[PDB]
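Quick look at query-v8.tsv (TSV, C-alpha atoms (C1' of nucleotides)):
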```tsv
chain	number	residue	atom	x	y	z
A	1	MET	CA	4.28	-27.25	-26.38
A	2	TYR	CA	5.54	-27.25	-22.78
A	3	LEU	CA	3.79	-26.16	-19.60
A	4	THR	CA	4.62	-25.56	-15.94
A	5	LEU	CA	3.58	-28.16	-13.29
A	6	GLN	CA	0.98	-25.59	-12.05
A	7	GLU	CA	-0.45	-25.02	-15.65
A	8	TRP	CA	-0.54	-28.72	-16.55
A	9	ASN	CA	-2.19	-29.68	-13.20
A	10	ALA	CA	-4.85	-27.00	-13.58
A	11	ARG	CA	-5.79	-28.44	-17.03
A	12	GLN	CA	-6.24	-32.04	-15.74
A	13	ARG	CA	-9.83	-33.51	-15.28
A	14	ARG	CA	-9.26	-33.49	-11.52
A	15	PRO	CA	-6.45	-31.06	-10.62
A	16	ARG	CA	-4.58	-32.46	-7.59
A	17	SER	CA	-2.34	-30.88	-4.79
A	18	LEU	CA	0.89	-29.47	-6.24
A	19	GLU	CA	2.87	-31.49	-3.66
A	20	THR	CA	1.05	-34.66	-4.89
A	21	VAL	CA	1.92	-33.88	-8.47
A	22	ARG	CA	5.56	-33.25	-7.59
A	23	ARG	CA	5.78	-36.59	-5.61
A	24	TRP	CA	4.48	-38.23	-8.84
A	25	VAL	CA	7.20	-36.68	-11.08
A	26	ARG	CA	9.81	-37.84	-8.54
A	27	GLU	CA	8.14	-41.32	-8.68
A	28	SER	CA	8.38	-41.36	-12.57
A	29	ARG	CA	4.52	-41.37	-12.64
A	30	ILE	CA	4.22	-38.57	-15.31
A	31	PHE	CA	4.96	-39.39	-18.96
A	32	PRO	CA	6.97	-38.12	-20.82
A	33	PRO	CA	9.03	-37.43	-17.68
A	34	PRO	CA	8.98	-33.65	-16.97
A	35	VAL	CA	12.47	-32.10	-16.65
A	36	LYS	CA	13.77	-29.65	-14.05
A	37	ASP	CA	14.72	-26.53	-16.03
A	38	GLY	CA	16.31	-24.50	-13.25
A	39	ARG	CA	13.83	-23.72	-10.38
A	40	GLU	CA	10.91	-25.60	-12.01
A	41	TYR	CA	9.67	-28.58	-14.01
A	42	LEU	CA	8.40	-28.57	-17.59
A	43	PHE	CA	5.50	-30.88	-18.56
A	44	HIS	CA	4.41	-31.76	-22.00
A	45	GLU	CA	1.00	-30.05	-22.36
A	46	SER	CA	-0.40	-33.54	-23.05
A	47	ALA	CA	1.68	-35.38	-20.40
A	48	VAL	CA	-0.07	-38.28	-18.76
A	49	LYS	CA	-0.37	-40.04	-15.37
A	50	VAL	CA	0.71	-43.64	-15.11
A	51	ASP	CA	0.47	-46.51	-12.58
A	52	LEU	CA	3.67	-46.95	-10.28
B	1	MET	CA	35.56	20.86	13.27
B	2	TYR	CA	33.29	20.89	10.15
B	3	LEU	CA	33.93	19.92	6.56
B	4	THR	CA	32.23	20.20	3.16
B	5	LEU	CA	30.55	17.11	1.63
B	6	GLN	CA	33.40	17.05	-0.98
B	7	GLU	CA	36.17	17.24	1.79
B	8	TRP	CA	34.53	14.62	4.03
B	9	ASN	CA	33.95	12.19	1.10
B	10	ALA	CA	37.54	12.53	-0.11
B	11	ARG	CA	38.78	11.54	3.39
B	12	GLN	CA	36.66	8.34	3.59
B	13	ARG	CA	38.35	4.86	3.11
B	14	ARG	CA	36.38	4.45	-0.13
B	15	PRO	CA	35.32	7.90	-1.43
B	16	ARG	CA	32.04	7.49	-3.36
B	17	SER	CA	30.12	9.59	-6.05
B	18	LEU	CA	29.08	13.00	-4.69
B	19	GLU	CA	25.49	12.34	-5.87
B	20	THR	CA	25.55	9.12	-3.72
B	21	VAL	CA	26.94	11.05	-0.74
B	22	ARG	CA	24.28	13.80	-0.99
B	23	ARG	CA	21.79	10.88	-1.27
B	24	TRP	CA	23.01	9.37	2.02
B	25	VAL	CA	22.33	12.70	3.80
B	26	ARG	CA	18.80	12.80	2.33
B	27	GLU	CA	18.30	9.13	3.37
B	28	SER	CA	19.60	9.80	6.97
B	29	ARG	CA	22.53	7.37	6.38
B	30	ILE	CA	25.29	9.78	7.78
B	31	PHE	CA	25.91	10.35	11.51
B	32	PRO	CA	25.89	12.97	13.00
B	33	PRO	CA	23.31	14.12	10.43
B	34	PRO	CA	24.88	16.83	8.19
B	35	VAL	CA	22.73	19.96	7.75
B	36	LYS	CA	22.66	22.52	4.99
B	37	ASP	CA	24.54	25.56	6.52
B	38	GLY	CA	23.03	28.04	4.08
B	39	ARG	CA	23.20	26.88	0.42
B	40	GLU	CA	25.30	23.73	1.22
B	41	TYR	CA	26.04	20.85	3.68
B	42	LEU	CA	28.46	20.74	6.58
B	43	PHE	CA	29.50	17.12	7.45
B	44	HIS	CA	31.32	17.14	10.87
B	45	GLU	CA	34.82	15.55	10.67
B	46	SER	CA	33.51	12.65	12.87
B	47	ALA	CA	30.69	11.74	10.37
B	48	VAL	CA	30.25	8.02	9.58
B	49	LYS	CA	28.01	5.86	7.35
B	50	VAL	CA	25.12	4.31	9.30
B	51	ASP	CA	22.35	1.71	8.46
C	9	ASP	CA	-3.67	2.00	15.11
C	10	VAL	CA	-2.56	5.27	13.36
C	11	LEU	CA	-4.75	4.51	10.29
C	12	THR	CA	-8.51	5.19	10.80
C	13	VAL	CA	-11.37	6.08	8.36
C	14	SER	CA	-13.99	8.46	9.94
C	15	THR	CA	-17.07	6.11	10.18
C	22	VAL	CA	-19.42	9.36	13.39
C	23	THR	CA	-16.50	7.37	15.04
C	24	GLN	CA	-12.83	6.35	14.26
C	25	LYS	CA	-12.84	2.66	13.11
C	26	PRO	CA	-9.45	1.31	11.74
C	27	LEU	CA	-8.58	0.56	8.07
C	28	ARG	CA	-7.96	-3.04	9.30
C	29	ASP	CA	-11.77	-3.33	9.92
C	30	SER	CA	-12.64	-1.58	6.58
C	31	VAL	CA	-10.58	-4.27	4.71
C	32	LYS	CA	-12.35	-7.19	6.56
C	33	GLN	CA	-15.80	-5.82	5.46
C	34	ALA	CA	-14.95	-5.41	1.67
C	35	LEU	CA	-13.65	-9.05	1.64
C	36	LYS	CA	-16.73	-10.39	3.58
C	37	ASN	CA	-18.84	-8.75	0.78
C	38	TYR	CA	-16.47	-10.11	-1.98
C	39	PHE	CA	-16.45	-13.73	-0.59
C	40	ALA	CA	-20.29	-13.56	-0.44
C	41	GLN	CA	-20.52	-12.11	-4.07
C	42	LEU	CA	-18.23	-14.99	-5.31
C	43	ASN	CA	-20.59	-17.86	-6.28
C	44	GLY	CA	-18.02	-20.66	-5.73
C	45	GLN	CA	-15.89	-19.46	-8.64
C	46	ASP	CA	-12.16	-20.37	-8.52
C	47	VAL	CA	-9.97	-17.52	-7.13
C	48	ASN	CA	-6.42	-17.83	-8.67
C	49	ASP	CA	-5.16	-14.39	-7.57
C	50	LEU	CA	-6.61	-12.34	-4.71
C	51	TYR	CA	-3.49	-10.90	-3.07
C	52	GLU	CA	-2.97	-8.73	-6.20
C	53	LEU	CA	-6.74	-7.76	-6.37
C	54	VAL	CA	-6.45	-6.32	-2.78
C	55	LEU	CA	-2.91	-4.94	-3.33
C	56	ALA	CA	-3.71	-3.05	-6.61
C	57	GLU	CA	-6.80	-1.62	-4.88
C	58	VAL	CA	-4.57	-0.37	-1.97
C	59	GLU	CA	-1.45	0.69	-4.02
C	60	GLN	CA	-3.29	2.93	-6.64
C	61	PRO	CA	-4.81	5.25	-3.89
C	62	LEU	CA	-1.61	5.22	-1.69
C	63	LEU	CA	0.50	6.36	-4.71
C	64	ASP	CA	-2.08	9.05	-5.68
C	65	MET	CA	-2.16	10.38	-1.99
C	66	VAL	CA	1.62	10.71	-1.57
C	67	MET	CA	2.27	12.17	-5.05
C	68	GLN	CA	-0.43	14.77	-4.19
C	69	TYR	CA	1.19	15.36	-0.71
C	70	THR	CA	4.70	15.76	-2.20
C	71	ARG	CA	3.28	18.08	-4.90
C	72	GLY	CA	4.58	15.66	-7.57
C	73	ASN	CA	8.07	15.01	-6.13
C	74	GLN	CA	8.93	11.38	-7.03
C	75	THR	CA	12.19	11.47	-4.96
C	76	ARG	CA	10.39	12.69	-1.76
C	77	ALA	CA	7.35	10.42	-2.35
C	78	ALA	CA	9.69	7.40	-2.50
C	79	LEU	CA	11.62	8.44	0.71
C	80	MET	CA	8.24	8.88	2.48
C	81	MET	CA	6.76	5.45	1.46
C	82	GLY	CA	10.13	3.78	2.25
C	83	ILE	CA	10.55	2.29	-1.23
C	84	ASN	CA	13.39	2.80	-3.81
C	85	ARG	CA	12.84	5.66	-6.34
C	86	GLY	CA	13.00	3.08	-9.17
C	87	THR	CA	10.31	1.08	-7.36
C	88	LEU	CA	7.96	4.13	-7.07
C	89	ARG	CA	8.53	4.90	-10.79
C	90	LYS	CA	7.69	1.23	-11.67
C	91	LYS	CA	4.62	1.25	-9.35
C	92	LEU	CA	3.31	4.48	-11.01
C	93	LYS	CA	3.90	3.15	-14.60
C	94	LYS	CA	1.84	0.05	-13.57
C	95	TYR	CA	-1.25	2.11	-12.71
C	96	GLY	CA	-0.70	4.44	-15.74
C	97	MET	CA	0.64	7.45	-13.76
C	98	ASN	CA	3.91	7.67	-15.84
D	8	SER	CA	-16.78	-2.91	-11.64
D	9	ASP	CA	-14.38	-2.79	-8.53
D	10	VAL	CA	-15.10	-6.25	-6.89
D	11	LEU	CA	-13.95	-4.86	-3.49
D	12	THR	CA	-16.54	-2.48	-1.90
D	13	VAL	CA	-17.37	-1.56	1.75
D	14	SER	CA	-21.16	-0.87	2.26
D	15	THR	CA	-21.09	2.94	3.00
D	22	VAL	CA	-26.15	3.32	2.27
D	23	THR	CA	-24.13	2.86	-1.03
D	24	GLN	CA	-21.24	0.65	-2.41
D	25	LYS	CA	-18.04	2.81	-2.37
D	26	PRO	CA	-14.71	0.96	-3.22
D	27	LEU	CA	-11.91	0.01	-0.78
D	28	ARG	CA	-9.70	2.28	-2.99
D	29	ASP	CA	-11.72	5.29	-1.66
D	30	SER	CA	-11.67	3.96	1.97
D	31	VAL	CA	-7.80	3.90	1.82
D	32	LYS	CA	-7.65	7.57	0.54
D	33	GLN	CA	-9.73	8.72	3.60
D	34	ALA	CA	-7.61	6.91	6.32
D	35	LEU	CA	-4.43	8.49	4.80
D	36	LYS	CA	-6.02	12.02	4.57
D	37	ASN	CA	-6.74	11.60	8.35
D	38	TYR	CA	-3.19	10.16	8.99
D	39	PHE	CA	-1.37	13.02	7.11
D	40	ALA	CA	-3.48	15.51	9.14
D	41	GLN	CA	-2.81	13.63	12.50
D	42	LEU	CA	0.99	13.65	11.73
D	43	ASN	CA	2.36	16.75	13.50
D	44	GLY	CA	5.42	17.18	11.23
D	45	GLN	CA	7.04	13.99	12.52
D	46	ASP	CA	9.45	12.30	10.06
D	47	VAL	CA	7.81	9.52	7.96
D	48	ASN	CA	10.60	7.03	6.95
D	49	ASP	CA	8.28	4.11	6.17
D	50	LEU	CA	4.63	4.44	5.16
D	51	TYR	CA	4.26	1.74	2.49
D	52	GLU	CA	4.70	-0.89	5.24
D	53	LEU	CA	2.30	0.98	7.67
D	54	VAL	CA	-0.49	0.71	4.99
D	55	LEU	CA	0.57	-2.79	3.84
D	56	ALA	CA	0.65	-4.38	7.37
D	57	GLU	CA	-2.75	-2.78	8.05
D	58	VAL	CA	-4.11	-4.44	4.81
D	59	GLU	CA	-2.27	-7.82	5.05
D	60	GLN	CA	-3.26	-8.71	8.75
D	61	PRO	CA	-7.06	-8.56	7.93
D	62	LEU	CA	-6.72	-10.22	4.43
D	63	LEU	CA	-4.89	-13.15	6.04
D	64	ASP	CA	-7.43	-13.45	8.93
D	65	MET	CA	-10.28	-13.40	6.36
D	66	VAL	CA	-8.82	-15.86	3.82
D	67	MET	CA	-7.71	-18.21	6.66
D	68	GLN	CA	-11.27	-18.09	8.08
D	69	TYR	CA	-12.73	-18.78	4.55
D	70	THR	CA	-10.45	-21.82	3.96
D	71	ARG	CA	-11.28	-23.06	7.53
D	72	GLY	CA	-7.55	-22.96	8.42
D	73	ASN	CA	-6.12	-24.53	5.24
D	74	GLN	CA	-2.73	-22.84	4.59
D	75	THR	CA	-2.26	-24.67	1.21
D	76	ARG	CA	-5.72	-23.53	-0.12
D	77	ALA	CA	-5.36	-20.02	1.36
D	78	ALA	CA	-2.06	-19.59	-0.56
D	79	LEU	CA	-3.57	-20.90	-3.88
D	80	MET	CA	-6.50	-18.44	-3.40
D	81	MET	CA	-4.32	-15.32	-2.75
D	82	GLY	CA	-1.95	-16.32	-5.58
D	83	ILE	CA	1.15	-16.34	-3.35
D	84	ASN	CA	3.66	-19.18	-2.67
D	85	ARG	CA	2.77	-21.43	0.34
D	86	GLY	CA	6.11	-20.46	1.94
D	87	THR	CA	5.13	-16.79	1.47
D	88	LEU	CA	1.74	-17.28	3.22
D	89	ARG	CA	3.48	-19.14	6.09
D	90	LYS	CA	6.05	-16.26	6.39
D	91	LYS	CA	3.23	-13.62	6.21
D	92	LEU	CA	1.30	-15.40	9.02
D	93	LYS	CA	4.42	-15.77	11.26
D	94	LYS	CA	4.96	-11.98	10.80
D	95	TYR	CA	1.57	-11.08	12.29
D	96	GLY	CA	1.88	-13.82	14.99
D	97	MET	CA	-0.58	-16.32	13.39
D	98	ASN	CA	2.05	-19.21	13.35
E	1	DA	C1'	-4.80	-47.44	-0.08
E	2	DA	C1'	-4.62	-43.00	-2.77
E	3	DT	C1'	-4.15	-38.41	-2.35
E	4	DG	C1'	-3.91	-33.90	0.68
E	5	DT	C1'	-1.50	-30.91	4.24
E	6	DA	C1'	1.68	-28.65	8.16
E	7	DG	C1'	6.26	-28.00	8.91
E	8	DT	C1'	10.92	-27.77	7.78
E	9	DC	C1'	14.19	-27.82	4.55
E	10	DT	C1'	16.91	-26.82	-0.17
E	11	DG	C1'	18.33	-24.13	-4.33
E	12	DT	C1'	16.80	-20.62	-8.29
E	13	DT	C1'	15.52	-16.23	-9.81
E	14	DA	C1'	12.62	-12.12	-10.38
E	15	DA	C1'	12.33	-8.10	-7.93
E	16	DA	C1'	13.86	-4.57	-5.05
E	17	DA	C1'	17.53	-1.81	-3.69
E	18	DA	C1'	21.68	0.63	-4.50
E	19	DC	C1'	24.53	2.69	-7.23
E	20	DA	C1'	25.59	5.02	-11.39
E	21	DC	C1'	25.35	9.10	-14.94
E	22	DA	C1'	23.57	12.70	-18.05
E	23	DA	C1'	20.75	16.21	-18.57
E	24	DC	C1'	18.64	20.47	-16.66
E	25	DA	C1'	16.53	23.25	-12.42
E	26	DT	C1'	17.11	25.28	-7.96
E	27	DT	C1'	19.86	26.86	-4.32
F	1	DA	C1'	29.40	26.03	-8.38
F	2	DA	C1'	26.96	22.99	-4.80
F	3	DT	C1'	22.98	20.61	-4.45
F	4	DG	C1'	18.25	18.64	-6.14
F	5	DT	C1'	15.27	16.46	-9.61
F	6	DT	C1'	13.86	13.28	-13.41
F	7	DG	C1'	15.06	9.69	-16.74
F	8	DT	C1'	17.65	5.96	-17.69
F	9	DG	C1'	21.18	2.68	-17.43
F	10	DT	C1'	23.96	-0.97	-14.64
F	11	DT	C1'	25.42	-3.96	-10.46
F	12	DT	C1'	24.22	-6.05	-5.86
F	13	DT	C1'	21.17	-7.75	-2.47
F	14	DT	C1'	16.72	-9.38	-0.93
F	15	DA	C1'	12.75	-12.00	-1.10
F	16	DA	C1'	9.47	-14.72	-3.50
F	17	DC	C1'	9.57	-18.68	-5.78
F	18	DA	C1'	9.35	-24.17	-6.98
F	19	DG	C1'	10.37	-28.04	-5.19
F	20	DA	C1'	12.09	-32.14	-1.54
F	21	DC	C1'	10.35	-34.60	1.92
F	22	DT	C1'	8.28	-36.90	6.24
F	23	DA	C1'	4.61	-37.65	9.66
F	24	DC	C1'	0.03	-37.38	9.90
F	25	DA	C1'	-4.85	-36.35	8.01
F	26	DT	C1'	-8.47	-36.77	4.82
F	27	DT	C1'	-10.52	-39.23	1.44
```

Please re-express this file's structure in structure tokens.
Amino acid sequence: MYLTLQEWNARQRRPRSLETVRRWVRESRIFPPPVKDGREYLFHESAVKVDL
Amino acid sequence: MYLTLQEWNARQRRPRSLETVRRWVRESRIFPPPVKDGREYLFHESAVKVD
Amino acid sequence: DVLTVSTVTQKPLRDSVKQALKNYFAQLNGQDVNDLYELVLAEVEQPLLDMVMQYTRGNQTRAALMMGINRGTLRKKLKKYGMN
Amino acid sequence: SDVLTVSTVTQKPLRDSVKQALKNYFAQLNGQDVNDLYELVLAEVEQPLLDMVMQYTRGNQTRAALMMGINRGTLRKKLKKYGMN
DNA sequence: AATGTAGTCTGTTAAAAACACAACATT
DNA sequence: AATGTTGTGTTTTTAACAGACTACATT
């Protein structure tokens, strides 16, 4: 099931700044890579953070 | 020289729906402001749509 | 400046808002606050709507013209707070 | 119940406090035309909310926005309106 | 060094406004 | 018969929205 960047971030053990999370997506640091569906990104509910 | 809402509207470059015209009066969008002269409005020939 | 609640003196509504929030912020025991704008707004909209509708003796058209919002908007705002 | 209350001594809501200011306003109005009231009420409620939330977040715009539930751009715009740039 | 924020941008879209129209009421 | 209201559609415009990003701050 897919989630918004906001939703996904708020579920994480340590929710971070939305701008930080975006910078990560842009840096291919979220897997599977969230996609821009119009105005916003869509994260896999269980998407993960990775090293750069 | 004064006109009816109908008359005035029909003279305008793009005549609009009478309901819309009577709405403009109510919303103070017509200058000089037309007034009900008895049972109905009198738009002065010089009347123009305002913001 | 034109809006004052008879506190007996005439203190603004601006002050009355600051006090309710000071009490709210204190009451909040470090709980996360996802939506406050709406909390404040719904608390200010519901009475505003009720006051004008009363003043206009139920005229939706006039009430809308008075508040400076579209008739559709007033209708929608009323339906929100179950005044439809 | 209503989380927003001004210590009137009892705990009467802000909803009631709004009704009273308007009853006084409507009375004070000497048949002058009222083209825009929503904004009059709104600007009077926004300016203090902002000043309060901003104080609470110790100046953090980002946090203040997250708290109110409005977009950061929106908070910035709202501040600039009431000269809090 | 990793993550957070003010400020200044972009484009997307939900919401408001504006316009319709069909009833029927008031003038 | 012109004008006003409510109820309900559309079309058009405005404003909130997510995000891009860089210099600097906090951690």

Considering only C-alpha atoms, tabulate each residue of chain C that lies at most 10 Å from chain D along with its nearest interatomic pair and the corresponding distance in Å to one decimal; arrange the rows by chain and ascending residue number and present them as CSV.
```
residue,atom,partner,partner_atom,distance
C:9,CA,D:57,CA,8.6
C:10,CA,D:38,CA,6.6
C:11,CA,D:34,CA,5.4
C:12,CA,D:34,CA,4.9
C:13,CA,D:34,CA,4.4
C:14,CA,D:34,CA,7.5
C:15,CA,D:15,CA,8.8
C:24,CA,D:34,CA,9.5
C:25,CA,D:34,CA,9.6
C:26,CA,D:34,CA,8.0
C:27,CA,D:34,CA,6.7
C:28,CA,D:57,CA,5.4
C:29,CA,D:61,CA,7.3
C:30,CA,D:13,CA,6.8
C:31,CA,D:61,CA,6.4
C:32,CA,D:61,CA,5.6
C:33,CA,D:13,CA,5.9
C:34,CA,D:13,CA,4.5
C:35,CA,D:11,CA,6.6
C:36,CA,D:65,CA,7.6
C:37,CA,D:12,CA,7.2
C:38,CA,D:11,CA,6.0
C:39,CA,D:69,CA,8.1
C:41,CA,D:10,CA,8.5
C:42,CA,D:10,CA,9.4
C:46,CA,D:80,CA,7.9
C:47,CA,D:80,CA,5.2
C:48,CA,D:80,CA,5.3
C:49,CA,D:82,CA,4.2
C:50,CA,D:81,CA,4.2
C:51,CA,D:81,CA,4.5
C:52,CA,D:81,CA,7.6
C:53,CA,D:11,CA,8.3
C:54,CA,D:11,CA,7.7
C:55,CA,D:58,CA,8.2
C:56,CA,D:28,CA,8.8
C:57,CA,D:28,CA,5.2
C:58,CA,D:28,CA,5.9
C:59,CA,D:28,CA,8.5
C:60,CA,D:28,CA,7.4
C:61,CA,D:32,CA,5.8
C:62,CA,D:32,CA,6.9
C:63,CA,D:51,CA,9.3
C:64,CA,D:32,CA,8.5
C:65,CA,D:32,CA,6.7
C:66,CA,D:35,CA,9.1
C:69,CA,D:39,CA,8.6
C:77,CA,D:50,CA,10.0
C:78,CA,D:51,CA,9.3
C:79,CA,D:48,CA,6.5
C:80,CA,D:48,CA,5.4
C:81,CA,D:50,CA,4.4
C:82,CA,D:49,CA,4.3
C:83,CA,D:51,CA,7.3
```

Practice problem: Would you mind listing what lies within 12 Å of residue 11 (chain A) as number ranges by chain, with all atoms listed in the file counted and same-chain residues fewer than 2 positions away left out? | Solution: A: 3-9, 13-16, 43-48

Dump C-alpha atoms for the selected residues as a PDB file, in the coordinates of the input?
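Done, and the output landed in again_18.pdb:
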```pdb
ATOM      1  CA  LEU A   3       3.790 -26.160 -19.600  1.00  0.00           C
ATOM      2  CA  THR A   4       4.620 -25.560 -15.940  1.00  0.00           C
ATOM      3  CA  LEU A   5       3.580 -28.160 -13.290  1.00  0.00           C
ATOM      4  CA  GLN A   6       0.980 -25.590 -12.050  1.00  0.00           C
ATOM      5  CA  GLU A   7      -0.450 -25.020 -15.650  1.00  0.00           C
ATOM      6  CA  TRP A   8      -0.540 -28.720 -16.550  1.00  0.00           C
ATOM      7  CA  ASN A   9      -2.190 -29.680 -13.200  1.00  0.00           C
ATOM      8  CA  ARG A  13      -9.830 -33.510 -15.280  1.00  0.00           C
ATOM      9  CA  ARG A  14      -9.260 -33.490 -11.520  1.00  0.00           C
ATOM     10  CA  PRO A  15      -6.450 -31.060 -10.620  1.00  0.00           C
ATOM     11  CA  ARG A  16      -4.580 -32.460  -7.590  1.00  0.00           C
ATOM     12  CA  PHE A  43       5.500 -30.880 -18.560  1.00  0.00           C
ATOM     13  CA  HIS A  44       4.410 -31.760 -22.000  1.00  0.00           C
ATOM     14  CA  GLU A  45       1.000 -30.050 -22.360  1.00  0.00           C
ATOM     15  CA  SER A  46      -0.400 -33.540 -23.050  1.00  0.00           C
ATOM     16  CA  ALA A  47       1.680 -35.380 -20.400  1.00  0.00           C
ATOM     17  CA  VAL A  48      -0.070 -38.280 -18.760  1.00  0.00           C
TER      18      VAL A  48
END
```

Practice problem: Name all residues at most 9 Å from residue 17 (chain A) (count all atoms listed in the file; drop same-chain ones fewer than 6 positions away) and give them as a ChimeraX atom specification. | Solution: /A:9 /D:75 /E:3-4

Practice problem: With all atoms listed in the file counted, which protein, DNA or RNA residues have an atom no more than 10 Å from (20.4, 2.3, 5.2) in the file frame? Please answer as a VMD selection string. | Solution: (chain B and resid 24 27 to 30 49 to 51) or (chain E and resid 18)

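From CA of residue 13 (chain B) back to CA of residue 42 (chain B), the distance works out to 19.0 Å.
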
Under the rule of at most 12 Å, produce a per-residue listing of chain E near chain A: chain, number, name, the closest pair of atoms, and the distance in Å, as a tab-separated table, using all atoms listed in the file.
```
residue	atom	partner	partner_atom	distance
E:2	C1'	A:20	CA	10.3
E:3	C1'	A:20	CA	6.9
E:4	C1'	A:17	CA	6.4
E:5	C1'	A:19	CA	9.0
E:10	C1'	A:39	CA	11.1
E:11	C1'	A:39	CA	7.6
E:12	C1'	A:39	CA	4.8
E:13	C1'	A:39	CA	7.7
E:14	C1'	A:39	CA	11.7
```

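The residues of chain C lying at most 12 Å from chain F, with all atoms listed in the file taken into account, are residues 72, 73, 74, 75, 76, 85, 86, 89 and 98 of chain C.
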
Self-check item: Coordinates-based distance that separates CA of residue 49 (chain A) from CA of residue 30 (chain A) (Å, one decimal)
Solution: 4.8 Å

Quiz item: What does the distance from CA of residue 33 (chain B) to CA of residue 5 (chain B) come to in Å, to one decimal?
Solution: 11.8 Å

Practice problem: Rank B:35, B:47, B:12, B:26 by their smallest atom-to-atom distance to chain D, using all atoms listed in the file, and report the top residue only. | Solution: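 For chain D, the nearest of the candidates is B:26.
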
Self-check item: Neighbour list for residue 3 (chain B) as a ChimeraX atom specification, cut-off 10 Å, all atoms listed in the file, skip fewer than 3 positions in-chain
Solution: /B:6-9,34,41-47

Self-check item: Test item: chain E residues at most 10 Å from chain B, counting all atoms listed in the file, as a VMD selection string
Solution: chain E and resid 18 to 21 27

Take region 57-70 of chain D, bring it up to N, CA, C and O atoms, and give me the output as an mmCIF file, in the frame of the given file.
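Written output follows (result-v4.cif):
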```
data_model
loop_
_atom_site.group_PDB
_atom_site.id
_atom_site.type_symbol
_atom_site.label_atom_id
_atom_site.label_comp_id
_atom_site.auth_asym_id
_atom_site.auth_seq_id
_atom_site.Cartn_x
_atom_site.Cartn_y
_atom_site.Cartn_z
ATOM 1 N N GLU D 57 -1.373 -3.058 7.697
ATOM 2 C CA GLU D 57 -2.750 -2.780 8.050
ATOM 3 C C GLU D 57 -3.705 -3.492 7.061
ATOM 4 O O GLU D 57 -4.824 -3.793 7.448
ATOM 5 N N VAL D 58 -3.270 -3.783 5.819
ATOM 6 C CA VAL D 58 -4.110 -4.440 4.810
ATOM 7 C C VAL D 58 -3.873 -5.985 4.776
ATOM 8 O O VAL D 58 -4.812 -6.757 4.569
ATOM 9 N N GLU D 59 -2.648 -6.415 5.033
ATOM 10 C CA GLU D 59 -2.270 -7.820 5.050
ATOM 11 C C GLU D 59 -2.929 -8.588 6.225
ATOM 12 O O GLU D 59 -3.626 -9.583 5.969
ATOM 13 N N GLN D 60 -2.716 -8.106 7.505
ATOM 14 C CA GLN D 60 -3.260 -8.710 8.750
ATOM 15 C C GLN D 60 -4.748 -9.088 8.592
ATOM 16 O O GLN D 60 -5.049 -10.282 8.762
ATOM 17 N N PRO D 61 -5.652 -8.169 8.131
ATOM 18 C CA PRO D 61 -7.060 -8.560 7.930
ATOM 19 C C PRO D 61 -7.307 -9.553 6.777
ATOM 20 O O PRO D 61 -8.117 -10.472 6.945
ATOM 21 N N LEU D 62 -6.617 -9.360 5.616
ATOM 22 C CA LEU D 62 -6.720 -10.220 4.430
ATOM 23 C C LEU D 62 -6.458 -11.647 4.847
ATOM 24 O O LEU D 62 -7.306 -12.511 4.626
ATOM 25 N N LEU D 63 -5.308 -11.861 5.516
ATOM 26 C CA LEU D 63 -4.890 -13.150 6.040
ATOM 27 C C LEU D 63 -5.978 -13.773 6.918
ATOM 28 O O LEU D 63 -6.473 -14.857 6.598
ATOM 29 N N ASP D 64 -6.400 -13.039 7.968
ATOM 30 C CA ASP D 64 -7.430 -13.450 8.930
ATOM 31 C C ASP D 64 -8.760 -13.849 8.268
ATOM 32 O O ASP D 64 -9.439 -14.775 8.737
ATOM 33 N N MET D 65 -9.091 -13.166 7.156
ATOM 34 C CA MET D 65 -10.280 -13.400 6.360
ATOM 35 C C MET D 65 -10.172 -14.642 5.505
ATOM 36 O O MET D 65 -11.038 -15.516 5.586
ATOM 37 N N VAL D 66 -9.098 -14.730 4.700
ATOM 38 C CA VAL D 66 -8.820 -15.860 3.820
ATOM 39 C C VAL D 66 -8.674 -17.133 4.636
ATOM 40 O O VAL D 66 -9.313 -18.124 4.301
ATOM 41 N N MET D 67 -7.909 -17.079 5.747
ATOM 42 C CA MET D 67 -7.710 -18.210 6.660
ATOM 43 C C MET D 67 -9.016 -18.730 7.215
ATOM 44 O O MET D 67 -9.227 -19.953 7.250
ATOM 45 N N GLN D 68 -9.919 -17.793 7.585
ATOM 46 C CA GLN D 68 -11.270 -18.090 8.080
ATOM 47 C C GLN D 68 -12.070 -18.803 6.985
ATOM 48 O O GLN D 68 -12.597 -19.882 7.244
ATOM 49 N N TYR D 69 -12.080 -18.233 5.751
ATOM 50 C CA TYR D 69 -12.730 -18.780 4.550
ATOM 51 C C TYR D 69 -12.240 -20.203 4.187
ATOM 52 O O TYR D 69 -13.055 -21.030 3.783
ATOM 53 N N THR D 70 -10.936 -20.485 4.292
ATOM 54 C CA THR D 70 -10.450 -21.820 3.960
ATOM 55 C C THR D 70 -10.486 -22.761 5.163
ATOM 56 O O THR D 70 -9.956 -23.876 5.079
#
```
